[PDB]
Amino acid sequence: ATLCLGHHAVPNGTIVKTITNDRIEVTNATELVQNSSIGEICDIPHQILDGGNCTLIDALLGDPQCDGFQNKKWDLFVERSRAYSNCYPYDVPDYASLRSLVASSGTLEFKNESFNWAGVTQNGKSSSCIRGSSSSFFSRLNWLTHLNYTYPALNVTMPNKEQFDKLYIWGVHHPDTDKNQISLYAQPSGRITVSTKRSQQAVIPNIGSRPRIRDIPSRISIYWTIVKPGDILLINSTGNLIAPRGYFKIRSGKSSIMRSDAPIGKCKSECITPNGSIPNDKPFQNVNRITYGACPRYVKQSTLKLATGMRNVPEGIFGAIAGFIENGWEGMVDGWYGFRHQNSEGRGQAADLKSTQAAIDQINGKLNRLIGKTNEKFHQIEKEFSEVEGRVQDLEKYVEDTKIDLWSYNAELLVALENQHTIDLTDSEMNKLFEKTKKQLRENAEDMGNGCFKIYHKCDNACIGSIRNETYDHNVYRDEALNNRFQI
């Protein structure tokens, strides 16, 4: 009889990389880089707030277009690229910081407080800012001006008797000319001081024309201050104050903001990118470096294939597969390793289950470590920029670039090491089965050098199956085999 040891193969393998080979074919591989999105942001499980035409800062200030956002909460605020401001022209020095801290807070919950604005006109309105079809203003701000050509000095307090922090939004009006200023504040100067026991902020307007926006050559500059529990807001101003009407709650949690034009859809997905939600089964992704939720790590590679089967040899360090075993068996489809025989009763093929399972268990162990194991990240740094800004922006970009290159390196090395190891451990299992068989046969068979044993005795199917199931008693046949083996 002949008893050959072998392993499966498939007509069409997959190419993977290893430590020693750029391109080597295995029976099967899995992709470790997510490269597509469904193109919509799924609305479960993160609570999504669609900004529509409104920036977060315009929803905060209370641009008329944004009244629908009063007191809203979010996990992710989604800012659309079409959003536009439609109220009095303003800027925020350090706009990105205010956006970041509100985004991260996750709430526009606002509480009216009553200030004693004694002796001034309130509720200044502007045609740059229409609510309905009347001249109006930021809902959350209070444009104070002279009463009876008098602007009495303001000096108001507001203790924080609460248990939590308060965020106050206020501003300073910069008139285009000295005429208004006088006209608005009955006053040449204008000075603002907003303070607490822990901070002081002082602003003076800068009179001058700026290019007209909805016909306004004036500007407002927006400022903020956080008042801690047991602290006191003190506003002392002699004009140009754009006053607050109350405070915002300032919370901490996992909330953030993302710039995206993707539609919101009715579906479930843990990981969100500006392109849309992406599955998070894989450890890496090449969709977007901007992510929110439990996401694969962003890498530069568009694909990285993890071998999930042995080297494919159609038709390793242990030398069996692609080694002394000449090729695989495409015809073996119920197992990874097995036996082919020829005896007096014919020719046959059977899978070895123990060795097959050993290989599969190891590979599934690798997959268990790599698949569905992603990290959750929420509010992060900005990673795209529309304007030149210098030093800090250089550092933000360099940080992200550095991180991406280090993760791309990790991904590349991981798959090469794993693949080399996978090819080796499957080669090993072939070798181990070979060696176990050899030892079973003792003096009754000889190794032909190609994975096949020549058995020197009558060996029927029962005999073969006794080999395959490790019950074979060499002693039964020894006399016969020695006689046949050692003749002249």
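Just count from 1 along the sequence shown to find any residue number.
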Subject >> Unresolved deposited residues in the interval that joins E315 and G316 >> reply: 4 to 9
**OP:** Using only the Cα atoms and their B-factors as the entry lists them, report which of 319 to 327 and 145 to 153 averages higher.
**Re:** 145 to 153
Subject >> 331 to 339 versus 281 to 289 - which carries the larger mean C-alpha B factor in the record >> reply: 331 to 339
**OP:** Check the PDB entry and point out which of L395, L167, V203, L108 has the largest C-alpha temperature factor.
**Re:** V203
Original post:
Reading the B-factor column of the entry, which of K249, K305, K383, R99 has the highest value at its C-alpha atom?
Top reply: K249
Subject >> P45 by Cα B-factor - lowest, middle or highest third of the modelled chain >> reply: lowest
Subject >> Where the record places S408 (Cα B-factor, split into thirds across the chain) >> reply: lowest
**OP:** Could you tell me which third, lowest, middle or highest, the C-alpha B-factor of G348 occupies within its chain?
**Re:** highest
**OP:** Could you look up the Cα B-factor of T27 in the entry and say which third of the chain it sits in: lowest, middle or highest?
**Re:** lowest
Original post:
In terms of the CA temperature factor given in the entry, to which third of its chain does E418 belong: lowest, middle or highest?
Top reply: lowest
